[PDB]
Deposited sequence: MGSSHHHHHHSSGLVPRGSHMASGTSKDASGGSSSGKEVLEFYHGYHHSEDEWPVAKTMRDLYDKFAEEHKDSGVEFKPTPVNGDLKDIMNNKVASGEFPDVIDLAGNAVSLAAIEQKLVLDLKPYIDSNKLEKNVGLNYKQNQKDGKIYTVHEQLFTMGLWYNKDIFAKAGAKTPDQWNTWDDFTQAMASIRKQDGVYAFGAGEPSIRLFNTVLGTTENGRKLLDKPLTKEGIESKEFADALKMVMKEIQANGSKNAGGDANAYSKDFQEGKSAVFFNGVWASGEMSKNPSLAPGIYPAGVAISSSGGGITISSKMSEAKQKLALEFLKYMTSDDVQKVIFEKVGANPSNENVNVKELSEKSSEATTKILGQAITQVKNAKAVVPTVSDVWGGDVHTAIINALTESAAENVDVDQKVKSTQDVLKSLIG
């Protein structure tokens, strides 16, 4: 028997050393293991496609690491996915899964566990801000402070303010969390009245206006294609998580911050997700793999080698940052501490409202960058699109 494990760590160690570290973690589990063999399969392209193509025709990949992506809602309805909570309970792994335990709980059931937490503030270039005379992220008490800082930076040439596209939903996600009503919207699945909802409409409009001011030229991509520009000093701010630290530590000009009014993103994300339709032996090896990726020793590697925030609460991130000589581990701990000490913390749209709502909002924010789009009627048509899904 073969247990197929799909992940997105396909990168050569020369393009992203983290991928190689992860792959070393996986086939070390394979060598550790009986009558069922573990087979890691690195996916080049969309991980959601592997899942969704199997969900159609009523199946599921044996094991998939969704890497922050949300579980298919159709997969849960058809119970293509195993409930992980009994095994966690049961093997005393509440602390090992950390934030996943409460946040990935859907009616007392856990369908996915992310070994790396979706801990997300933002990144900014200290030199570009200083030169523009722009308020740094710690000075952004309101949305208007952020937009005024962005306007100042655009008065300089050679640099654009920020990358828009996928990163622009992080602005929507956090600006919604600026009021109590917006925060409770992100506590439940999305409803028609929630879409409509002055807070939902205002957030949409604020961000779209800023994305349009940011320029249509600067909305053609995802976070991965904006990272290079930021490392090279071509942009002022970069909306990505703490896990960016390894790529970020190379340029000492760039620093962690969080979003206006002291808001940060703190969610689990989708992670290790396992099929319901397997023999007893490969189901228990798959749960053994969850146990492994979530163990004390692996999570130390998750923090120290992989520059990410571990799900395991037994790993002392601060003390490890304390005793490290690594620049990566230093700003990693700094970035995590900022999110942990945010005035308000929100989950990702993807986690709470699902992958479809995530994608629809990203598309609408991207489309709004076009110079000929009226923001008011775009907001209205965006909320028209959300109600239908």
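> Please give the gaps, as residue ranges numbered from 1 in the deposited sequence, where no C-alpha is present.
Residues lacking C-alpha coordinates: 1-37, 71-72, 429-430.
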